[PDB]
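Enquirer:
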Amino acid sequence: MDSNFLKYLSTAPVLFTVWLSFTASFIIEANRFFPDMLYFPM
Amino acid sequence: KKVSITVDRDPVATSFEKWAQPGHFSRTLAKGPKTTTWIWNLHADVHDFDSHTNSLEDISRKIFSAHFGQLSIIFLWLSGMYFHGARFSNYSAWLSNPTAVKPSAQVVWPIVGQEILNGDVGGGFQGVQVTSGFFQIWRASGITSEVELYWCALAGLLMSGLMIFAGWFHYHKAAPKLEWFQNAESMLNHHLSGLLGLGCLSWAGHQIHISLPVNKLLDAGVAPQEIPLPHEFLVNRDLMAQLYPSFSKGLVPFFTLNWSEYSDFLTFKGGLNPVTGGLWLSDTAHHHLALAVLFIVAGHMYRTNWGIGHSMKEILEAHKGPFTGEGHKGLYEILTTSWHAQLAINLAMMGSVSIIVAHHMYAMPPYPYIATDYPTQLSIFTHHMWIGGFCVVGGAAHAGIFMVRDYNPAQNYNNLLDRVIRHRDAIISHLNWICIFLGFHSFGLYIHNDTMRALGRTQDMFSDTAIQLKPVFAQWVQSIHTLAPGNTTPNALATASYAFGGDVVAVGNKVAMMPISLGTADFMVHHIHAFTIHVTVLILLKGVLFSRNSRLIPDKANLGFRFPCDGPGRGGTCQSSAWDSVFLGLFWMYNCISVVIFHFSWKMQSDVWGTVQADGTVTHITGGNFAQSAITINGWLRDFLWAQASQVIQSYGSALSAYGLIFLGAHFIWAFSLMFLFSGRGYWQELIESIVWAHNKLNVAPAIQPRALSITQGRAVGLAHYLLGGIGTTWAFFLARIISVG
Amino acid sequence: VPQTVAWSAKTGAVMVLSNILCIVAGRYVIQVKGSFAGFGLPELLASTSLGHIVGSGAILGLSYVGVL
Amino acid sequence: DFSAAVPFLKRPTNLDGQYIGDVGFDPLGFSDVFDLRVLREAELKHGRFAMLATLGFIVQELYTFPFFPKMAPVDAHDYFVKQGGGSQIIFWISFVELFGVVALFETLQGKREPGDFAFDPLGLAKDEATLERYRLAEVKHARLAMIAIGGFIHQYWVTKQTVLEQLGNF
Amino acid sequence: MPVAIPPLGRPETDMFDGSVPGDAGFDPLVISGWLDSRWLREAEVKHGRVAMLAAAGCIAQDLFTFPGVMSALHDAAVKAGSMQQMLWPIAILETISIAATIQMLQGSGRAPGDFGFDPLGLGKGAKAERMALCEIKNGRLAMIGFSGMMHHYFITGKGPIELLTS
Ligand code: CLA
Ligand code: CLA
Ligand code: CLA
Ligand code: CLA
Ligand code: CLA
Ligand SMILES: CC1=C(C#C\C(C)=C/C=C\C(C)=C\C=C\C=C(C)\C=C\C=C(/C)C#CC2=C(C)C[C@@H](O)CC2(C)C)C(C)(C)C[C@H](O)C1
Ligand SMILES: CC1=C(C#C/C(C)=C/C=C/C(C)=C/C=C/C=C(C)/C=C/C=C(C)/C=C/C2=C(C)CCCC2(C)C)C(C)(C)C[C@H](O)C1
Ligand SMILES: CC1=C(C/C=C(\C)CCC[C@H](C)CCC[C@H](C)CCCC(C)C)C(=O)c2ccccc2C1=O
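Next up, the structure:
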């Protein structure tokens, strides 16, 4: 891995997009496998 | 020779170092951020190449490679459209039953209940209905299978890769010199004869050799799976000659000028194909072949290495008269040194061409089964109208940028530009007066008619059942064009379009095209259009002509193209730049195109689009309400805005509910835009001071000091969210209405 | 449809006449290049291309109007 | 001056003979724009894939494991898509290819040869000259097998026969 | 210095210096003065070699046919797929010739029409110039003969040697 390419990958827009997509993928897979969670189940 | 190839080899090393240094292109920005303003400046001025360096050669190389990058993106988009047509569409079922299968080339995943958007579009398929018109284009091109669409997608991907490789090579490995870019005559010759001419010739070849037999078999009722492959149409001359017998005579009639033998597959029939509702493909094949001949002839005009050809500098300098001083002298240097002037001209022409495309494509449907696809027609008209308006305003903007930056008064003494500058006051005063006259005698007619209908005086209104404003000139032009076949166009079987007059072309009990009558309401709305276009011209031209100086600010050119103000002095000099004139002209372009598309939607839904039933009567979508309702603002408010929004607000729980969501969301964002538009920087900066105090109390203040957005950025953000909100609202309303009722 | 004719000696005569007129006209009017000195291959190609263009236009017009 | 293989073409400037098997054959100028280390890694990977593919086409029709049904290798691709063995092979090839990515990154820094994976457990190359010879043999067999695998698969596609039955008749 | 036609003289170009084999001083349109010399020389030699192979093929096919069964032969071999099977190696060899011609136009040491091919060794030394002369003249004669005999086929549907003996 070229260090300049890694430093470019460490910039705010790239990391922002990657982190928000990663978070969205967590929410999407959680709602795919555990849908319709209006509430915390008792 | 004078026109030659000069290239510098390896001018910029291919490296990732500057990828890690944001703002490397600007000496101001390369020092690094200190405020949040830096970030916005970094993303706002990045492709403004002329402000980073004074060398025209590097700017031209950057422009050439950025154009290659855009071409790569466009090819990737086209390849995506072909692939999504190939794999996620109902295209074969649409090919079997065009009049009953809604085109759909987008399928959603089921995640949170959004699978409800995969509506029942027919043909045993569920997906999002598409209105881009790709199905009709592929039917016109002779694409009968999804394998051909897969191959088209692969070709698009290969061309995208070729374009991005060409960009990398032609910037980073072999960059052309400034002398290579400054050949206008060679560029026009090659782009007229090779790009437009050979392109038209090869597409006429494809239309004649592939599109005509496949579409003739399709219109005769043959299923697509039994239609022969295109290469079989190429090699089996008998198979073609059953459909077009002139192919039995070969290329001998072409070279011996016995061209009428080819009259069966090169026609000038006009009108529309009764089976499909589109233009005859033979007419289009002769049309593109004639365009190829004309473009290749036009591509030999300009002087080159050999002695033949015209010199554009001599042509420009020869055209001068007693009213205009030196005439067109000095414009060749302007257009061969300033990229911004060329961008102004080309954006203006592309916008006007897009508007012409929208008008001429609704009125003369060129594709099979696109006329009765009312959502596709409305979508492509509205889309190309908006693109045209945006490109025209961009041409004005970049004209103003040329005027501020690249204009030199020493090289522009007593030419047309200097004399235009020298009577700018007369121009703007007369245009302002005619704009006020147009506003009064167009909008006050609507206000007057609203008051008269509200006062219970129907006989005092401007209407066809009251005091009339008859559009006699346009009706006379329509009568001439209806009478044109056989009188002034003796070789035409039918009119160029039935919108001027004639029969009702209907396909599958739906009106493909019918005559579009013009009355008092059409008079008033066309003069409203003229009023809005003249006011937009007033704003943009006043911004361009007063970009360098005025009676208010004598040194406006020193401040630049884009500055917020010159202070509160002289009474206040707010929004004095040409950029702010573009900022207001974008609003007025939005108003103009909005009124144009509202007129279009209502007039087609009320007088053109509809269902044909027994005894030949045409039942329109809104039942012919345009003549009596489009003469008042109340009629527009109730019978067009209130009436046709029922479909987007009752779309919840159906496949069109996303449009309703987008409707609300656009309603949100547009209103959010006014928060930027109505407010000012100092309030937000002091509120940011308080928030900075709050972050300082918890020792969580950022090193990059937060600042409010600039005054110019406040205007730009408000304008961008305003345009997005308005265009999205019209988008959702139009699409939901026309998918539901058409 | 306008009537066109098969190739004949009249068609050849009009085309040859159009080529010879366009060669003389190109000899006389081209500004940047005994009487035929400086006559080069690009000028001959341009003049004969205009000759084919003018001959095609004249042949189609005379075939329309009946002179054939 | 000129290329050793094609006498009427000039020798490509980046083909100076540092890579074994160089005969100056690059008429399109691929080595003039792209890194030759990447090209040699791609050449050797494609060639080793093709060698294993050709040997599989011979052996896998000569012999078949008892715990699998018998079919042709082209139909075996489509069968093992659905049974799941092909997914296993793709997964393990990807797992090795991650360290192939790391090896290519080491190659791009010049710290690793474009074909050295340091895999010689049977010690077949003792000294230098045999290793140079085995590089020339490997490159030639790589190119030959790259042609031969396309021959095998396209000939199956046209004749619907495997190699050894096409050898017996026509 | 052979002057083909005396009234027009010998064109003053890069060609007709005398180093080019086969020059007779014949270029009345002065096409050499507007297109490159080496491109035209390569085009002439390639056209000539193709026409030699074509005339030899017509003669040999009219004498004898390979066991197992002009323009109709082109059509029937397209129907057989034979013409594609000759299109592929000419296409690859001609892409390699595209490369060679681009390099040669760029200013490499390759002479036009030279492919470096001499397995027999007849060319090496003093023979090559004379052989070049023979080649270019036989090439031009091939382009005349083939163009004759094909229109002969168009009029009679018959092969040229079979026309000659009948
Ligand atoms: C006849 C030769 C020819 C042709 C076809 C073109 C074509 C083009 N030029 Mg151009 N140009 C030429 C000569 C030519 N140029 C010369 C001689 C000069 C120097 C004076 C320039 C200088 C020049 C500049 C400075 C710019 C262009 C740009 C463009 C593009 C305009 C955008 C567009 O409509 O793309 C859509 C049209 C297409 C045809 C898409 C396909 C794109 C590829 C490249 C076409 C390749 C066709 C190929 C030659 C033939 C293969 C077809 C078939 C046989 C397989 C277009 C691809 C602009 C651009 O965007 O540059 C990137 C631009 O800024 N040109
Ligand atoms: C022997 C000489 C000869 C003869 C007898 C003719 C005769 C004819 N030519 Mg012809 N032509 C000739 C030589 C000749 N031409 C030459 C040398 C060329 C150059 C190759 C042409 C190229 C040519 C073309 C390209 C066409 C003709 C056509 C015609 C026919 C048109 C009939 C008519 O009423 O026009 C029509 C009269 C009109 C007024 C129609 C209007 C035409 C356009 C739309 C006007 C556009 C104006 C534009 C907007 C600019 C105006 C603004 C201005 C203020 C700047 C007519 C029989 C036409 C044809 O074949 O029709 C079947 C045709 O399309 N000619
Ligand atoms: C042919 C097209 C074209 C080209 C090549 C240019 C090129 C240029 N323009 Mg120009 N312009 C164009 C069209 C074009 N423009 C049009 C059509 C308009 C009218 C709207 C303008 C209006 C305009 C102004 C007013 C200004 C320029 C400026 C510039 C220069 C710098 C631009 C820059 O750095 O932006 C960098 C890129 C960006 C900032 C990205 C913009 C992103 C937009 C605003 C949002 C897109 C929204 C998206 C489509 C929808 C998302 C919605 C979703 C989230 C739901 C550069 C020379 C500026 C300059 O300095 O000139 C000297 C300047 O002041 N132009
Ligand atoms: C619907 C709201 C509205 C209205 C009515 C106007 C009206 C006007 N604008 Mg404006 N504008 C608006 C919204 C509006 N704008 C918005 C939202 C923007 C946002 C960017 C702009 C941006 C803008 C710019 C940038 C420019 C204008 C210009 C103009 C003038 C054009 C001349 C004209 O049409 O005269 C006709 C007048 C009208 C249509 C107003 C209604 C009058 C009718 C006929 C009824 C009259 C009744 C009578 C007078 C009542 C008498 C009763 C007595 C008791 C007084 C006009 C004063 C331009 C200008 O001034 O140049 C000439 C100009 O350059 N405006
Ligand atoms: C015949 C082709 C061939 C040849 C000549 C070479 C040659 C070489 N390889 Mg190489 N390689 C090949 C194929 C080949 N390889 C294939 C197909 C793969 C993928 C598995 C590899 C993977 C590979 C790696 C990963 C590495 C090498 C390395 C080397 C070098 C070390 C010398 C050595 O041990 O090789 C000598 C090889 C032989 C003498 C081949 C012996 C073959 C015997 C006869 C067994 C045949 C298989 C048998 C028939 C199957 C039994 C099944 C049954 C049903 C019949 C040398 C240049 C190393 C290197 O470059 O570093 C120094 C290294 O790191 N190779
Ligand atoms: C360079 C080189 C090599 C080589 C080589 C080769 C392949 C050498 C030469 C090959 C050929 C094919 C030479 C042909 C020469 C002359 C011809 C055909 C004469 C007349 C033809 C026509 C048109 C006729 C005719 C006519 C007839 C009969 C019938 C009617 O139509 C009438 C008409 C009169 C017009 C090799 C490989 C050996 C290696 C060496 O180390 C280097
Ligand atoms: C799609 C698909 C599959 C597949 C597949 C696979 C694996 C496809 C593989 C295709 C391959 C490897 C094709 C190779 C073609 C090679 C050619 C044309 C070589 C030409 C050489 C030339 C011209 C040499 C010329 C020369 C010569 C003579 C000598 C001198 C040098 C030179 C001038 C270069 C399956 C089986 C997995 C099943 C799946 O369900 C569907
Ligand atoms: C609201 C407003 C602001 C405030 C806007 C602030 C300063 C900028 C907001 C940008 C944010 C930080 C980026 C996008 C917001 C995201 C939704 C969440 C932030 C993500 C962080 C990690 C950055 C102005 O600066 C302004 C200036 C001139 C006229 C009107 C106005 C105006 O109306």
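Those protein sequences? They're chains J, A, K, c and d, same order as listed. Each step along the first sequence adds one to the number in the authors' numbering, with nothing skipped, and position 29 is 29. With the authors' numbering applied, the second sequence corresponds to residues 11 to 189, 192 to 754, in that order. With the authors' numbering applied, the third sequence corresponds to residues 10 to 42, 52 to 86, in that order. Each step along the fourth sequence adds one to the number in the authors' numbering, with nothing skipped, and position 69 is 111. With the authors' numbering applied, the fifth sequence corresponds to residues 38 to 106, 116 to 212, in that order. From the three backbone atoms N, C-alpha and C, an ideal C-beta is built for every residue, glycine too.
1. For the candidate residues A:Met473, A:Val537, A:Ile609, A:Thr634, whose alpha-carbon lies nearest to that of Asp619 (chain A)?
2. Where the beta carbon is closer than 6 Å to any heavy atom of ligand 7, which residues qualify, in chain order?
3. Between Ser89 (chain A) and ligand 1, is the CB less than 7 Å from at least one heavy atom?
4. Less than 8 Å separating the beta-carbons of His352 (chain A) and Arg436 (chain A)?
5. Let me know if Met37 (chain J) comes out buried or exposed under the rule of 16 or more other beta-carbons within 10 Å of its beta-carbon.
6. Does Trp104 (chain A) have its Cβ less than 8 Å from a Cβ in chain J?
7. Hey, is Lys87 (chain c)'s beta-carbon within less than 8 Å of any beta-carbon in chain d?
8. Quick one: measure Cβ to Cβ for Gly597 (chain A) and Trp682 (chain A), integer angstroms, because I've assumed they're closer than 8 Å.
9. Closer than 7 Å: is that where the CB of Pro206 (chain d) sits relative to any heavy atom of ligand 6?
10. Which of the three DSSP states is assigned to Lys52 (chain c) in this structure?
11. Counting only Cβ pairs nearer than 8 Å, list the residues of chain c close to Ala137 (chain d).
12. Report yes if the C-beta of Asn461 (chain A) is less than 7 Å from at least one heavy atom of ligand 4; otherwise report no.
13. Name the one or two DSSP bridge partners that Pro186 (chain A) has.
14. What residues sit near ligand 1, counting only those whose C-beta is closer than 5 Å to one of its heavy atoms, in chain order?
15. For ligand 4, list every residue whose C-beta falls under 6 Å from any of its heavy atoms, going in chain order.
16. Shorter than 7 Å, the distance from the beta carbon of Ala748 (chain A) to the closest heavy atom of ligand 3, or not?
17. What does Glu27 (chain A) touch in chain J if you count any residue whose Cβ is under 8 Å from its own?
18. Strictly below 7 Å CB to CB, what residues from chain A border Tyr8 (chain J)?
19. Residue ranges of each alpha helix (DSSP H) run of no fewer than 4 residues wholly in the region 215–244 of chain A, ordered along the chain?
20. Near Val753 (chain A), what residues of its chain come up, given a Cβ to Cβ distance below 6 Å and the 5 sequence neighbours on each side ignored?
21. Can you have a look at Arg71 (chain A) and say buried or exposed, based on whether 16 or more other CB atoms are within 10 angstroms of its CB?
22. Given that a residue counts as buried once 16 or more other Cβ atoms are within 10 Å of its Cβ, and exposed if not, what is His243 (chain A)?
23. Looking at the strands, I want to know which residues DSSP matches up with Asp130 (chain A).
24. Compare the Cα-Cα distances from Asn603 (chain A) to each of A:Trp398, A:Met415, A:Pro483, A:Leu699 and report the closest residue.
25. Between which two residues does the beta strand (DSSP E) carrying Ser509 (chain A) extend?
26. Could you check whether the Cβ of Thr11 (chain J) sits closer than 8 Å to any Cβ belonging to chain A?
27. Using only the alpha-carbon positions, how far apart do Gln152 (chain d) and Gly66 (chain c) sit?
28. Sorted by chain position, which residues of the same chain lie with C-beta nearer than 6 Å to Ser82 (chain A)'s C-beta, five sequence neighbours on each side aside?
29. Closer than 7 Å from C-beta to any heavy atom of ligand 2: which residues, in chain order?
30. Could I get the ranges of all uninterrupted alpha helix (DSSP H) runs contained in the region 292–327 of chain A, with 4 residues as the minimum, in chain order?
31. Roughly how far, in whole angstroms, is the beta-carbon of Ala642 (chain A) from the beta-carbon of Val523 (chain A), given that I think they are within contact range, below 8 Å?
32. Taking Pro186 (chain A) and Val22 (chain A) to be in contact with their CB atoms under 8 Å, please state how far apart those CB atoms are, rounded to whole angstroms.
33. Using DSSP's beta-bridge definition, name the partner residues of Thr45 (chain A).
34. With distances taken between CB atoms, is the gap from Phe307 (chain A) to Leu208 (chain A) smaller than 8 Å?
35. Is it buried or exposed for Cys180 (chain d), if we count other Cβ within 10 angstroms and need 16 for buried?
36. Does the Cβ of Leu90 (chain d) have 16 or more other Cβ atoms within 10 Å, making it buried, or fewer, making it exposed?
Expert: Taking the definition as stated:
1. As a first step, residue 619 (chain A) is located in the second sequence; it is residue number 607 there, counting from the start. Nearest option by C-alpha distance: A:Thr634.
2. c:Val116, c:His119, c:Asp120, c:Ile189, c:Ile191, c:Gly192, c:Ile195, d:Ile138
3. Within the second sequence, residue 89 (chain A) is the residue found at index 79, counting from 1. No, the Cβ of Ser89 (chain A) stays beyond 7 Å of every heavy atom of ligand 1.
4. For the purposes of this step, residue 352 (chain A) is taken as the residue at position 340 of the second sequence. For the purposes of this step, residue 436 (chain A) is taken as the residue at position 424 of the second sequence. No, these two residues do not count as a Cβ contact at 8 Å.
5. Counting from 1 along the first sequence, the entry for residue 37 (chain J) is found at position 37. With fewer than 16 other Cβ atoms within 10 Å, it is exposed.
6. The count along the second sequence starts at 1 and reaches residue 104 (chain A) at position 94. Not one chain J Cβ lies under 8 Å of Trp104 (chain A).
7. Counting from 1 along the fourth sequence, the entry for residue 87 (chain c) is found at position 45. Not an interface residue.
8. To locate residue 597 (chain A), count along the second sequence from 1; it is residue 585. To locate residue 682 (chain A), count along the second sequence from 1; it is residue 670. Rounded, the Cβ-Cβ distance is 18 Å, inconsistent with contact.
9. The residue you call residue 206 (chain d) lines up with position 160 of the fifth sequence. Checking the Cβ of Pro206 (chain d) against ligand 6 gives yes.
10. Reading the fourth sequence from its first residue, position 10 is the one you call residue 52 (chain c). Strand, per DSSP.
11. Locating residue 137 (chain d) in the fifth sequence gives position 91, counting from the first residue. The premise fails here: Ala137 (chain d) is roughly 14 Å from chain c at the closest Cβ pair, so nothing lies under 8 Å.
12. For this step, residue 461 (chain A) is matched to residue 449 along the second sequence. No, Cβ of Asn461 (chain A) sits at least 7 Å from all heavy atoms of ligand 4.
13. Sequence index remark: in the second sequence, residue 186 (chain A) carries index 176 (1-based). BP columns for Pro186 (chain A) point to A:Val17.
14. Listed by position along the chain, the residues with Cβ atoms less than 5 Å from a non-hydrogen atom of ligand 1 are A:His77, A:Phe78, A:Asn195, A:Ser198, A:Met199, A:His202, A:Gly206, A:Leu207.
15. A:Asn444, A:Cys447, A:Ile448, A:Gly451, A:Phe452, A:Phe455, A:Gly456, A:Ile459, A:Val547, A:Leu550, A:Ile551, A:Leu596, A:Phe599
16. As a first step, residue 748 (chain A) must be located in the second sequence, where it is residue number 736. No, ligand 3 has no heavy atom inside 7 Å of this Cβ.
17. The sequence position of residue 27 (chain A) within the second sequence is 17, counting from 1. Ordered by position in chain J, the residues that pass the 8 Å Cβ test against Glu27 (chain A) are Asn4.
18. Position 8 of the first sequence holds residue 8 (chain J). Result: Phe26, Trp29, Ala30.
19. 224–231
20. Counting from one through the second sequence, the residue named residue 753 (chain A) turns up at place 741. Within the same chain, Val753 (chain A) has close Cβ partners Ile633.
21. Sequence index remark: in the second sequence, residue 71 (chain A) carries index 61 (1-based). Counting Cβ neighbours within 10 Å, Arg71 (chain A) comes out buried, since at least 16 surround it.
22. In the second sequence, counting from the first residue as 1, residue 243 (chain A) sits at position 231. Classification of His243 (chain A): exposed, given that the 10 Å Cβ count is below 16.
23. Here residue 130 (chain A) refers to the residue found at position 120 when the second sequence is read from its first residue. Beta-bridge pairing links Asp130 (chain A) to A:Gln136.
24. Walking along the second sequence from the start, residue 603 (chain A) turns up at place 591. Cα-wise, what sits closest to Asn603 (chain A) is A:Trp398.
25. Counted from its first residue, the second sequence places residue 509 (chain A) at position 497. Premise fails: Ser509 (chain A) is in no beta strand (DSSP E) and is neither H nor E.
26. In the first sequence, residue 11 (chain J) corresponds to position 11, counting from 1. Answer yes: the Cβ-Cβ gap between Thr11 (chain J) and chain A drops below 8 Å somewhere.
27. Translated into positions along the fifth sequence, residue 152 (chain d) becomes position 106. Translated into positions along the fourth sequence, residue 66 (chain c) becomes position 24. Rounded to the nearest angstrom, the two C-alpha atoms are 18 Å apart.
28. On the second sequence, residue 82 (chain A) is found 72 positions in, with the first residue counted as 1. Excluding sequence neighbours, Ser82 (chain A) sits near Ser170, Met173, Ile174.
29. A:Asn503, K:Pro11, K:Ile71, K:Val72, K:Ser74, K:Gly75, K:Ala76, K:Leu78, K:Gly79, K:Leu80, K:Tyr82, K:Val83
30. 293–310
31. Walking along the second sequence from the start, residue 642 (chain A) turns up at place 630. Walking along the second sequence from the start, residue 523 (chain A) turns up at place 511. Between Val523 (chain A) and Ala642 (chain A) the Cβ distance is about 20 Å, and since that is not below 8 Å, they are no contact.
32. Position 176 of the second sequence, counting from 1, holds the residue named residue 186 (chain A). Position 12 of the second sequence, counting from 1, holds the residue named residue 22 (chain A). The Cβ separation is near 13 Å, so there is no contact.
33. Counting from one through the second sequence, the residue named residue 45 (chain A) turns up at place 35. Paired residue(s): A:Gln717.
34. For the purposes of this step, residue 307 (chain A) is taken as the residue at position 295 of the second sequence. For the purposes of this step, residue 208 (chain A) is taken as the residue at position 196 of the second sequence. Yes, the Cβ-Cβ distance between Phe307 (chain A) and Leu208 (chain A) is below 8 Å.
35. Residue mapping note: residue 180 (chain d) aligns to position 134 of the fifth sequence, counting from 1. Exposed.
36. To locate residue 90 (chain d), count along the fifth sequence from 1; it is residue 53. Looking at its Cβ environment, which holds fewer than 16 other Cβ atoms inside 10 Å, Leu90 (chain d) is exposed.
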